[PDB]
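Residue numbers (UniProt numbering), protein chains in the order written: chain U, 498 to 532; chain S, 533 to 629; chain L, 581 to 629.
A virtual CB, placed ideally from N, CA and C, is assigned to each residue, including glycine.
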């Protein structure tokens with residue numbers, strides 16, 4: 498399913514910055530973003 | 533951006549639709565854009581362009597293509613019909629003998 | 581497209597799809613017709629013998 502359970506406190510992968518920073522309008526919810 | 537640059541100046545026939553499909557490829561996030569991207573790549577590869585990235589794009593795509601080419605090849609029988617037209621002549625040979 | 585979330589989306593949907601593909605496959609008989617065209621030739625063989 499590609500989603501990891503990761504059962505413990507404070508665990509992750511250091512590869513999380515692959516996302517690059519950008520900005521957009523003010524949107525009230527993800528439902529309303531995609532809408 | 534350049535996709536949009538060439539969009540709208542393009543004839544509403546096929547070229548607008550291939551560039552359009554290229555837009556359907558480029559999408560960001562959310563289940564809707566992911567599935568529209570899915571059928572996007574689907575038609576791209578089915579039309580002989582995408583050159584798949586091949587994660588699932590064989591079973592859901594390449595195999596569907598091969599199935600439709602198999603549908604494009606019933607026609608041994610269509611090539612049979614013209615022989616029945618041919619050997620009705622051999623019935624005229626039945627008249628001969 | 582949807583790739584169902586599948587709570588009820590099999591019985592009310594997937595099964596309806598399977599029903600319409602089953603409707604898409606009557607055509608063994610359509611492939612029969614062209615053989616009757618074929619073996620009328622075998623009636624011409626009846627003329628032969």
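Closer than 7 Å: residue i CB and nearest the ligand MG heavy atom
| i | result |
| --- | --- |
| residue 513 (chain U) | This structure lacks the ligand MG; in fact it carries no ligand of any kind. |
Expected contact under 8 Å - CB spacing of residue i and residue j to nearest Å
| i | j | result |
| --- | --- | --- |
| residue 584 (chain L) | residue 594 (chain L) | 7 Å |
| residue 551 (chain S) | residue 538 (chain S) | 6 Å |
| residue 596 (chain S) | residue 612 (chain S) | Actually they are not in contact, since the Cβ atoms of residue 596 (chain S) and residue 612 (chain S) sit about 28 Å apart, beyond 8 Å. |
Neighbourhood of residue i by C-beta, 6 Å cutoff - its chain only, sequence neighbours within 5 removed
| i | result |
| --- | --- |
| residue 582 (chain S) | 573, 576 |
Cutoff 8 Å: residue i Cβ touching any chain L Cβ
| i | result |
| --- | --- |
| residue 561 (chain S) | no |
| residue 549 (chain S) | no |
| residue 570 (chain S) | yes |
| residue 578 (chain S) | no |
| residue 575 (chain S) | no |
| residue 555 (chain S) | no |
| residue 612 (chain S) | yes |
8 Å Cβ cutoff, residue i in contact with chain S
| i | result |
| --- | --- |
| residue 601 (chain L) | no |
| residue 609 (chain L) | no |
| residue 581 (chain L) | yes |
| residue 628 (chain L) | yes |
Spatially closest choice to residue i from the options, by CA coordinates
| i | options | result |
| --- | --- | --- |
| residue 615 (chain L) | S:558, S:610, S:571 | S:610 |
| residue 556 (chain S) | S:571, S:538, S:629, S:620 | S:571 |
| residue 623 (chain L) | S:619, S:629, S:628 | S:619 |
| residue 549 (chain S) | S:535, S:561, S:562 | S:535 |
Neighbouring residues, chain C, relative to residue i (Cβ below 7 Å)
| i | result |
| --- | --- |
| residue 621 (chain L) | The structure shown contains no chain C; its protein chains are U, S and L. |
Close-in-space but distant-in-sequence residues of the same chain around residue i (CB under 7 Å, 5 per side omitted)
| i | result |
| --- | --- |
| residue 504 (chain U) | none |
| residue 569 (chain S) | 556, 557, 559 |
Proximity of residue i and residue j at Cβ, strictly below 8 Å
| i | j | result |
| --- | --- | --- |
| residue 531 (chain U) | residue 564 (chain S) | yes |
| residue 628 (chain L) | residue 598 (chain S) | no |
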